[PDB]
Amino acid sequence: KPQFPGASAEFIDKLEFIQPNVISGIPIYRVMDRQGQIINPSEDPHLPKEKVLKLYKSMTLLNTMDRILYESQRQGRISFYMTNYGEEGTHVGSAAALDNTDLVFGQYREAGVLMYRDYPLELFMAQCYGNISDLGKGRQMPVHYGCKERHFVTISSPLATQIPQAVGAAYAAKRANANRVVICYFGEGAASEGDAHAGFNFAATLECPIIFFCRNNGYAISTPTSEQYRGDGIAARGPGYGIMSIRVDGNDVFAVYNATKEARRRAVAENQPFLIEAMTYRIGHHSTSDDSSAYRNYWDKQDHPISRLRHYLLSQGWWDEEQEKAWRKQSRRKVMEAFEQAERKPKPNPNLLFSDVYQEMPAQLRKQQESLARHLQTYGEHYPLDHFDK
């Protein structure tokens, strides 16, 4: 019997390389078909009417908001935008399986989580406009949302940095004896960064109640998954770290919900990490700075998370054309009201450029703030002062 400290294993007397299983990868868990029919009754979560309707309305409101803000960007009313098309199901399915206070870290394409947690339209828009109502004080580029009240950590642009932070926050929760999980969203591209390997390994060795949630949507900007990795996706990496892993149909709200619910239960109970890879497809451009026809649609017309959920609601007698029409209208109005209000608000005082760099303001920094103030007194006609508060 082998004695080595580094592995538990037998001897083998014949030379055999371990081949990866890429052609028959980890199978993709699915609850409902593309016609929104339940495939296997024992897997049906039987969510109540009001909850399923909330999943549906959150995904269409996000879609409505995406359309409007994408247009706003094209016209140069906001500087930047990223849509969430095709991935709305991963957002709301997962968010609905979490407790209200489970702490969320994300990447930037997870706004449905905040929408599900009832983040006001006014605040999504305040951040994209950088206006006075923005609690981020207009400092970050659009779609870099954060909400302390709803336990949604502020997004930052550097990919995958939030992965080992989520792990630290999960460690702290363990210690606090929280009955709380942390979930950490990232895309398949971001999973290539060093920080992903750091977080995965730390989570397993330090025994953290975390859910790693990978949105695999087939592209990182222009780069297809064939240039991103050669193993069987992200899910197949989990076991190597000692992490329990599953792959789910990211266009199936109930598959996403079921996996997320069970990972959550087991993460909190056992203090062990779970990895979920949600297979989806990025239906929009990468962002407003991207024209995606330069590097590559079935998904939109034949395998869309929103259409599938809509077919499900009709099967229960929970929705019809009249209700769909009235809601299409109410949601357009709710979004256009927030949008008009967001455009009419002033931007924050230019003073806010200096605060929160440290908790307190160091005296040398205050002196720079004073310099700006005196500068604007003399030269202010050359600056867009009339748009900015005070």
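Between two forms, the rigid core is the largest collection of C-alphas that superpose within 1.5 Å. So that there is no doubt, residue numbering starts at 1 and follows the sequence shown.
Worksheet item: Which stretch is less alike in 5 other deposited structures of this protein, 368-376 or 18-26, counting RMS CA distance after the rigid core is superposed?
Response: Between 368-376 and 18-26, greater C-alpha deviation in 5 other deposited structures of this protein belongs to 18-26.
Discussion item. Where both flanking residues are modelled in the other PDB entries compared, is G250 itself missing in a third or more?
Written reply: No: coordinates for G250 present in every compared entry.
Worksheet item: Among the other compared PDB entries, is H311 dropped in a third or more?
Response: Modelled in all the others, so no.
Item to complete: With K301 and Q302 adjacent in the shown sequence, let me know how many deposited residues between them lack coordinates: none, 1 to 3, 4 to 9, or 10 or more.
Response: According to the record, the chain runs unbroken from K301 to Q302.
Discussion item. Going by the mean C-alpha B-factor recorded in the entry, which is higher: 96-104 or 136-144?
Written reply: In the deposited entry, the stretch with the higher C-alpha B-factor mean is 96-104.
Fill in: Mean temperature factor over C-alpha atoms, higher-scoring stretch between 73-81 and 149-157
Per the PDB record, 73-81.
Worksheet item: Between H197, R247, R264, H286, where does the Cα B-factor run highest in the record?
Response: The C-alpha B-factor peaks, among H197, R247, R264, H286, at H286.
Practice prompt. Tell me which of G218, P164, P273, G86 tops the list for C-alpha B factor in the record.
Written response: Among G218, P164, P273, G86, the PDB entry lists the largest C-alpha B-factor for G86.
Worksheet item: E322's Cα B-factor: lowest, middle or highest third of the chain?
Response: Highest third - that is where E322 ends up once the chain's C-alpha B-factors are sorted.
Discussion item. Please place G168 in the lowest, middle or highest third of its chain according to the CA B-factor in the PDB entry.
Written reply: It falls in the bottom third of the chain.
Worksheet item: Looking at the C-alpha B-factor of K51, is it in the lowest, middle or highest third of its chain?
Response: Lowest third.
Practice prompt. Would you mind checking where the Cα B-factor of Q359 ranks among the modelled residues of its chain, as the lowest, middle or highest third?
Written response: For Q359, whose C-alpha B-factor we compare with every modelled residue in the chain, the answer is the lowest third.
Worksheet item: Once the chain's modelled residues are ordered by C-alpha B factor and cut into thirds, is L61 in the lowest, middle or highest one?
Response: According to the entry, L61 has a C-alpha B-factor in the chain's lowest third.
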